[PDB]
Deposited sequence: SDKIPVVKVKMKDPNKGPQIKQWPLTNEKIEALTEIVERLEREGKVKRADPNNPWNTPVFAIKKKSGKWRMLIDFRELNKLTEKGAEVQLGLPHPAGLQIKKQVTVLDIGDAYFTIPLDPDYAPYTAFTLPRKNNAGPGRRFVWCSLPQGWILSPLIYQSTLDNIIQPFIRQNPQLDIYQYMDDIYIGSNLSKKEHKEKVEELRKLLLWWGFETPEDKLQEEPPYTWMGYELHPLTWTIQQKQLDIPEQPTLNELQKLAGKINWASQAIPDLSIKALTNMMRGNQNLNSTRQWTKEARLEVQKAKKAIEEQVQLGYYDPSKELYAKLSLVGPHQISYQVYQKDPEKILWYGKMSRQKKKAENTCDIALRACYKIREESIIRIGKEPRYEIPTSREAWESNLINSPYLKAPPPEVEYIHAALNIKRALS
């Protein structure tokens, strides 16, 4: 059940495609998964692969609430290597009274895919304990989580969708990977109404954010009244760190205010030149966070740190001129079991929603872990809601830990 023009699609090199090995899956996940895939080869949305096909892409499954299982595909590697329109990111979306987000996903099943490119969408289905070779599969529908599907979808339903935006221009509509973002300032009633209308439009209201309650975290530089030598060496290192990207900061006056007996327990009394220099740095750092400094031509980054136990702090920011765009916490939550990698995943998803609502894109996530600890916490975990964040592995550095706290 699909006939509509095939948006033809090209690799950045037909020779260089995704060769990624499949994750280990539980008994339960293989059961649910082979059920899903077998059904979708009945309906024709998937088909068996060519015996000389060298590509693969990982698949996994999650327990969508109600226990009904769901198949997700990690298209991270393929997405980089293809990139062959749109409905653009509305500036007003981030200042709407409410913004409902809706999964489409299913409509993709009704849309064909370029069969000269589908060979690269291949994914292996494994069996428990390698009892047989994996059963390989290439795609026939628009695959969910694919990079070029929001385009091929939006251009395929262009003729029915853009009517509904030129009418009702009080709504700000956007689409990221497979989710549609409906933002409005109407009352809860008529908002629910129009979102219902648009749901039945793509039949051819689950999650709802209110991005005002999103604070700014308002970083602070604590200044003790009766300091010790060590409290001021921390103070010094921290401000020397700030001066690497903030102009007109100095640690000289307090540098020689720290002169005397050199036991870390020795006190100092506050001079006036150093106390004022300290104040200059303090108000220089509080006001540092500025989203208005975003540069759409540079890469966007989000860096995480474990600021003591049970709590991740992150900064979404940009490089060569280091400009912090916003900050954020994510505290381990009480009842459920949770390791630090899980708080990092949760944080990554919170960053994902914020960044999509404001910039319209996702940052690169810089996480202080190893490829082995991460990527083993995801293969068999709960807390995994979406395709995994694309991750850069960084070394823990004390200046950044002290900065984000």
key: Deposited sequence positions missing from the model - stretches, numbered from 1, in order   = 85-89, 210-214, 223-235
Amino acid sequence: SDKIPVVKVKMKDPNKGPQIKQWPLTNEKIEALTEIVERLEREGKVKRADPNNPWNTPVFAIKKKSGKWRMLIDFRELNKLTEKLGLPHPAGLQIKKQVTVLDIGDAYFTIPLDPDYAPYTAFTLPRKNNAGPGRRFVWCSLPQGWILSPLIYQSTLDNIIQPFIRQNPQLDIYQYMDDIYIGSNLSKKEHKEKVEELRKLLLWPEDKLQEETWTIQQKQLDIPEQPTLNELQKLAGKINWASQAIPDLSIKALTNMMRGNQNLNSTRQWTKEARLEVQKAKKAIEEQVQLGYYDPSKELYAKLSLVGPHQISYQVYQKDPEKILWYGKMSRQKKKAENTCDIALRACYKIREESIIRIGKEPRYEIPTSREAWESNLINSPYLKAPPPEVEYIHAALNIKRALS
From here on, numbers count along this sequence of modelled residues.
task = Would you determine, from the values in the PDB entry, which of 18-26 and 5-13 has the greater average C-alpha temperature factor?
result = 5-13
key: 260-268 set against 140-148, stretch whose average Cα temperature factor tops the other in the entry   = 260-268
remark   = The residue of 124, 318, 121, 333 with the maximal C-alpha B-factor according to the PDB record is 333
Candidate set 247, 292, 92, 88 [ranked by C-alpha B-factor, highest] = 247
message = Test of reading the entry: by CA B factor among the chain's modelled residues, which third contains residue 374?
response = middle
task = Rank-wise, by C-alpha B-factor, drop residue 329 into the lowest, middle or highest third of its chain.
result = middle
Ranked against its chain, the third holding the CA B-factor of residue 170 = highest
CA B-factor ranking of residue 63, expressed as a third of its chain = highest
request  = Pull the Cα B-factor of residue 362 out of the PDB entry and bin it into the chain's lowest, middle or highest third.
outcome  = lowest
